[PDB]
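Okay, here we've got a single chain as structure tokens, the form deposited in one PDB entry, with questions on binding and movement later.
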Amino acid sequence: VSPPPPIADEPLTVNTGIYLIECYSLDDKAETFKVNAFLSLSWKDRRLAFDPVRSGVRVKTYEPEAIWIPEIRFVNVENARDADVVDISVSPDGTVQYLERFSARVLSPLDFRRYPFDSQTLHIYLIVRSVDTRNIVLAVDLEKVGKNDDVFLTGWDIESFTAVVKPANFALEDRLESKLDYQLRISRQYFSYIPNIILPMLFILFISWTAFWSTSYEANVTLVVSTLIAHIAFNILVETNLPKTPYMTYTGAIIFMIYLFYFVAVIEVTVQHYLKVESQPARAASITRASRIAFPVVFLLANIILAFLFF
């Protein structure tokens, strides 16, 4: 079926909007998330006009393959959306309300530069293939959008759903400049991560720093080295939660800092024993007493510095 005849040169603006249902599988490995939402389409077609008691039906349902519908295709998806038409209701006023449920594997980059405390911005791109006249998809309904009333994707906090049509193209064709952009700026709630990940590493590190309140070399070595083994094992346990992160993560900088602190603690214990064995107890005691206060303070300063360079 040919597109409805344009009465004038006015572009056939289509009213569009996605009502989110289930945003799940937010990281298959680290990147894709899947959506199973509805999208509502409204436009103007030369369908039934005002109908005062002639046919008796207001929402005249039509076959999905009968009436022409604009071709709207997602840009950043694995494959074409699994479109399943739910209800095509055409009103006598002259507008067609199209509602289809699709399950697309949306693509969006995940920026884990501040992993425990990050706030990502998922993206959905819309393009319309113009046939005879230019179609402007910039018409955002702003009334058929929104997630579920539960307001949680998979344990995430939604902040906004700004939909701005950016007059930009991927250096191709002519109608690509009219892209419709869906910005879902979600924020991760971090309460669970504080005891799940952050606190136990600090507890293990403090168990390590205990080694400065001991004059026994064997006990000090056991503390520091076995605590290093415990920290590596806990890192293995945590690593299941963390994504690939090929670049430098924030939580990948605290862990390296903790490794450096283990190395410095081993060096300090060795220096203490080395000075204590060769008839210099005063220097060993001075170094131990200095380190008792110097290690936590330097750790606090390092954490503050990392927070400043990352936030």
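In this text, residue numbers run from 1 along the sequence as written. For the two forms, the rigid core is made up of the largest set of C-alpha atoms that agree within 1.5 Å on superposition.
One more form of this protein should be noted, the form deposited in another entry, which is absent from this view; the next part is about it.
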| query | finding |
| --- | --- |
| Mobile residue between the shown form and the other one, C-alpha criterion 2 Å or more, rigid core, from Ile232, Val225, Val86, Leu202 | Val86 |
| Core fit, then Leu39 C-alpha moves 2 Å or more between the shown form and the other one | yes |
| Rigid core superposed: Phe256 CA moves 2 Å or more between the shown form and the other one | no |
| Large Cα move at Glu65 between the shown form and the other one, threshold 2 Å, rigid core | yes |
